[PDB]
Structure formats: structure tokens, C-alpha cells
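Everything on this sheet refers to the single structure shown next.
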Amino acid sequence: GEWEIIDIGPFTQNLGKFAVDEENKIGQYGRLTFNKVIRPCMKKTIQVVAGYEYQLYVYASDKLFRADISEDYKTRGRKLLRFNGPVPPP
Amino acid sequence: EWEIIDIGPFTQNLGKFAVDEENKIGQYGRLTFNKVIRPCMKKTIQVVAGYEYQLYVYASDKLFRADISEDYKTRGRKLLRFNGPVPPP
């Protein structure tokens, strides 16, 4: 899935020291002294959209070509990947 | 993951764009756009944006629930949420 349980080893314990240090910046509680991080530790790998790839059958100078073009997500920046032909119609 | 889209203006526009970019590299001479025909396929590309971490941390003998985010590209980290005290898991 998207969720995964991790070891409470060092990297994790160091995630703990960060939490408290940032908590101390806020100070909602006392001057929190870091003790330890315990099981369970949940890690959510966040997947988002980078943009797309379009596959075309396009007729150029009456010749059937297959165009592979990409487009970026937030910028709509498009780039032509491949362009071969002529190719058999589908 | 794979998607089929119609061949409307948007898609024809994609075709006008493609040819025009081929004219630049000109591996097939000067080509003139006619039309884009079925089928049109669209693939969505997903990349990792970063991570969220759910921790159970002890602070001054108090058990808290902390949520941190960490950013893929930059390793940048932020404390989303810090509540407590909370009963042991």
C-alpha cells in the first residue's frame, strides 16, 4: 500500500528528536525532554502526479506517424519524445 | 494508469504541437499537420512527493503522538501535529 511500518531504529529515533525540538519552538507543553520513540512507527510514502505522456496517431503530409509527447503537471511544458513512421493504422 | 481520451481540439492541438516540434529536428522533411485519429492514449506519471511519519514519542515521561512530513526532493522536514498525552499503544 501507501502506508508502511518502520523499525524504531536510529533514523526513527532521530525523527523523534526533531518532533520534540520543533515542539519546544512552539511550547504548547513544557520544555519537553526527549526520551525515546516506541513502536509502532508509520511511514506514508506520498505519491503525486508529475504530468503526463500522450500517445498519438497523427497524419503528417499524408503519412501516418506515432507521436510520443510529454506534458508537465503545473507548467504544462510539453516535449516531443519520439516520432516514427509511417506506421500501420489501428 | 492508461487512459483513452477523445480526439477533440485539445488532442488535435497536441498533434499540431508534435509535428511543429518535428519540423525543428526535421528528420522527415517539412511535414504539414492534417489530423490526429483514434485511439489516443494518456498515461499519468506519478512521482514521489515526500513522506509523512506517524510517531509514538516519549517526552519528559509523557507519551505523545507526533506527525512529521519530510519532502522527497529537498529532505525538508516539518512538524505537522503534536498532541498528548496519549495512552500507550
Side-chain angles (χ1 to χ4, degrees), chain A residues 1-56 66-84, chain B residues 1-5 10-11 13-14 17-18 21 24-25 39-89:
Chain A
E2 191 166 13
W3 283 105
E4 163 203 15
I5 298 169
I6 38 184
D7 69 66
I8 42 173
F11 175 85
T12 299
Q13 289 304 314
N14 287 327
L15 273 192
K17 296 179 198 176
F18 169 81
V20 162
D21 286 340
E22 288 296 291
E23 190 44 39
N24 289 341
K25 287 187 182 160
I26 304 168
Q28 193 72 52
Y29 308 80
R31 293 300 295 296
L32 294 185
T33 298
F34 170 79
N35 307 126
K36 75 179 173 199
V37 175
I38 58 167
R39 290 173 203 265
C41 196
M42 293 210 96
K43 165 180 179 181
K44 157 187 185 189
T45 288
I46 298 170
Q47 271 210 342
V48 306
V49 178
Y52 325 96
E53 296 191 353
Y54 300 103
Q55 271 184 354
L56 305 177
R66 267 274 305 115
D68 269 348
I69 69 199
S70 57
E71 172 190 31
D72 169 63
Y73 189 58
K74 310 193 101 167
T75 77
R76 298 159 183 134
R78 302 172 164 143
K79 168 185 274 305
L80 169 65
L81 289 87
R82 319 169 169 254
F83 197 111
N84 308 331
Chain B
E1 183 60 15
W2 292 96
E3 196 187 331
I4 298 320
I5 56 179
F10 176 72
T11 305
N13 197 20
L14 282 196
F17 171 90
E21 290 298 319
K24 295 180 188 171
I25 196 186
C40 204
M41 299 207 64
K42 176 191 191 183
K43 178 175 193 168
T44 317
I45 311 292
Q46 316 157 18
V47 68
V48 173
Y51 313 90
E52 202 161 320
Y53 296 115
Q54 290 207 342
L55 281 68
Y56 264 104
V57 61
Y58 273 99
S60 287
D61 292 75
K62 287 197 68 178
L63 191 40
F64 295 89
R65 254 303 306 244
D67 279 341
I68 303 88
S69 75
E70 175 172 51
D71 181 67
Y72 182 78
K73 282 127 206 172
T74 55
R75 295 138 179 283
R77 290 176 168 194
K78 277 188 200 189
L79 177 54
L80 295 188
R81 286 165 267 282
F82 200 104
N83 310 278
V86 299

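Every chain is numbered from 1, with letters handed out A, B, ... down the list of sequences.
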Show every donor-acceptor pair shorter than 3.5 Å between a side-chain atom in residues 39-55 of chain A and any protein atom, with sequence neighbours excluded, or say none if there are none.
unit_1	atom_1	unit_2	atom_2	d
A:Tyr54	OH	A:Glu71	OE1	3.0

Give me each pair satisfying salt bridge (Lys or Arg N to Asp or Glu O under 4.0 Å) with a member in residues 25-35 of chain A, each pair once, sequence neighbours excluded.
A:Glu22-A:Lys25

For [X] and [Y], work out which heavy atoms get closest and say how close.
X: B:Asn83; Y: A:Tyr29; answer: CA-OH, 3.6 Å
X: B:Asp67; Y: B:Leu79; answer: O-CD1, 3.5 Å
X: A:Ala19; Y: B:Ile68; answer: CB-CD1, 4.2 Å

Once ring pair (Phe, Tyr, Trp, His ring centres under 6.0 Å) is applied, what residue pairs with a partner in residues 69-89 of chain B remain, sequence neighbours excluded?
B:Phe64-B:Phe82

Go through the structure and list residues passing side chain to side chain donor-acceptor pair (under 3.5 Å) with A:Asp72, not counting sequence neighbours.
A:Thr75

Report the distance from atom CZ of A:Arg82 to atom OG of A:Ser70, rounding to the nearest 0.5 Å.
11.5 Å

With sequence neighbours left out, what residues match [X] under side chain to side chain contact (heavy atoms under 4.5 Å, CB included)?
X: A:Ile26; result: A:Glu23, A:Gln28
X: A:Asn35; result: B:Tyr58, B:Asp61
X: B:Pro85; result: B:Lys62

Would you mind writing out the side-chain donor-acceptor pairs for residues 4-16 of chain A within the sub-3.5 Å range, not counting sequence neighbours?
unit_1	atom_1	unit_2	atom_2	d
A:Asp7	OD1	A:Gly9	N	2.5
A:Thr12	OG1	A:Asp7	O	2.4
A:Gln13	OE1	A:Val37	N	2.6
A:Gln13	NE2	A:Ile8	O	3.0
A:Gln13	NE2	A:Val37	O	2.5
A:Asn14	ND2	A:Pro10	O	3.4

Please check this pair: side chain of B:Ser60 against backbone of A:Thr33, looking for a donor-acceptor N/O pair closer than 3.5 Å.
yes

